[PDB]
Amino acid sequence: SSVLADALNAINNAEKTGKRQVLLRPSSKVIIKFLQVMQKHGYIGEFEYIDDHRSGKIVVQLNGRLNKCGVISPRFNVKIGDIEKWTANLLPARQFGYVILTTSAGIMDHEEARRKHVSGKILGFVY
Amino acid sequence: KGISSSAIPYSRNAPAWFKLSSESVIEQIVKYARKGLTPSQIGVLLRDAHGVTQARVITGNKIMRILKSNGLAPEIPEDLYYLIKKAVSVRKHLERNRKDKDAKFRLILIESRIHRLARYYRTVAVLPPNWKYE
RNA sequence: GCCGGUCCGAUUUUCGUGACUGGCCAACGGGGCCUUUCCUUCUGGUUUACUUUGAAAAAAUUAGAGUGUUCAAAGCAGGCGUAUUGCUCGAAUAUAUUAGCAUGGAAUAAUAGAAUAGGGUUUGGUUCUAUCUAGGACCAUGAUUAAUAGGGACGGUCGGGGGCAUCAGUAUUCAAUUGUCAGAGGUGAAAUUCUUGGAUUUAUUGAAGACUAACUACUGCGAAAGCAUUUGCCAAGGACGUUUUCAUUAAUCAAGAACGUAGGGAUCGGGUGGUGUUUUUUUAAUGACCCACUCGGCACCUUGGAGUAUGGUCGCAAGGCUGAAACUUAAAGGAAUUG
């Protein structure tokens, strides 16, 4: 399967149930920098990457603020004059929420993407 | 299915109650190899003879590369040879008494599981190709 | 920045300043050096998809712009001067890109990719120290982690899993030999059949094939259909155990092939720990029960039709005591009949 999609499904349905500390077994540095930028936006609390050599596990002490995360499995090129269309098609509002894209610095959201004036492909959305 | 496997620890060095040198383990494993024992049996007889964990920890590398370095390489790998030996044994039993339809089923399954690994070994090219199980 | 000192003046310590000196300490930056140790392997005699470009861009094309065609539909002014080197302005604004021309930077997703692993020959032959040594050549080797992805080894096991032999049981049938006498069978009743050449029943056997009563459960196994006597052989398989090995070998299915939402209790198989009874002790082996944990199982418990109506279209009970009509007509019937 897709490790990023299964990780974000893990924290999504654990938040939907209503737990606090979620274990997340298959980790990678894409998921690390993903939920690093979402904790910069304060959508989870702190977390931890316990390092055993095989894959490393993730435990997130999320508080209450997520309602839906996720990815988009075709990671296609998206121009700067199209992230407004993608925000309008993915989120319930303009500034309510974010959508994070893979770009030439890499795990920026769309606010930081229009600030730095770069773009790339879409890997996930969070609101 | 079920899980039942080893749990190699977090440390990656000789466990410091070791009281034995490094090349002595190399001499021990080439001694067992010249006795004619398969690498997995070298590994278990080295877990139990003198207290090593495994050779990638205690020596500089794994037993396959250290036996290729000492010149006692196998011409076919362990799992390939063992599946071939199981296949010829169940073939001999079925030719002793052809009525064993469950042995016919298991021979078909072992033939499939050995042709999968033969496909892997040919596509990685570590045995010479044209090798297609006789 | 710390400290010692040559001094001037006071002093026979110590201070003011001006010089000037070195011993050291941190922050800056500059030039090198070590992290390509000293020794073997090239094609033959890193690149690609994102952002900013300019260049040539088709009038018409986009949208825009000021102007009283009397407004609008439409059309498209620079005009004044100082009509003399200048004003006040507007056809300023905005696509030719899916395709190209080439340029310039990093994550993702691909394409590559390190010239590492010798301080490994049996021999052959050269000279050089006071029997010990030095320096020449041939002859047998390919990047980290080990997924609660995968296959493989190994171990005590595990099963009414399979194949082949083998052992058994009392049934069932048949046969033999005994025994005694009129019934035996069979059904709701019968009947058929068997029977004094002794049926049924009894006892002692013997043969034949098939099947594995009770144990049998919400238990075990196998890919599925299925699989229950014992013992042995032949292989196989599953779970567990594992500080053993390989290194992505994985999954999914046409064609083909073989066979036919969460929680809890209990149980089976394996392992760990506990510490009582079963056990027992110098023959080997390593049982049962309880409790906790853990892994895997077969399982369990609790959260458009319905009607109705039809002058239509199509079929039809339709239509009368039969016999019985051209014939008022018989026999025999059904009708209702206390004649």
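Just so it is clear, chain B uses Swiss-Prot numbers, and the residues here are 9-142, in order.
Looking at the header, which is where the method is noted, we find electron microscopy, 4.0 Å.
Every residue gets a Cβ built from N, Cα and C, even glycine.
Feature annotation from Swiss-Prot assigns ubiquitin cross-link to B:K39, B:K43; the stated evidence is a large-scale study or a structure entry. Sequence annotations record features per position, and here Swiss-Prot assigns phosphoserine to B:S32 based on a large-scale study or a structure entry.
Cβ neighbours within 10 Å of B:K39 (ubiquitin cross-link), excluding its own Cβ and spanning all shown chains: 11. The distance from the Cα of B:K39 (ubiquitin cross-link) to the Cα of B:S32 (phosphoserine) comes to 10 Å.
DSSP gives the residue listed as 'phosphoserine' a helix state.
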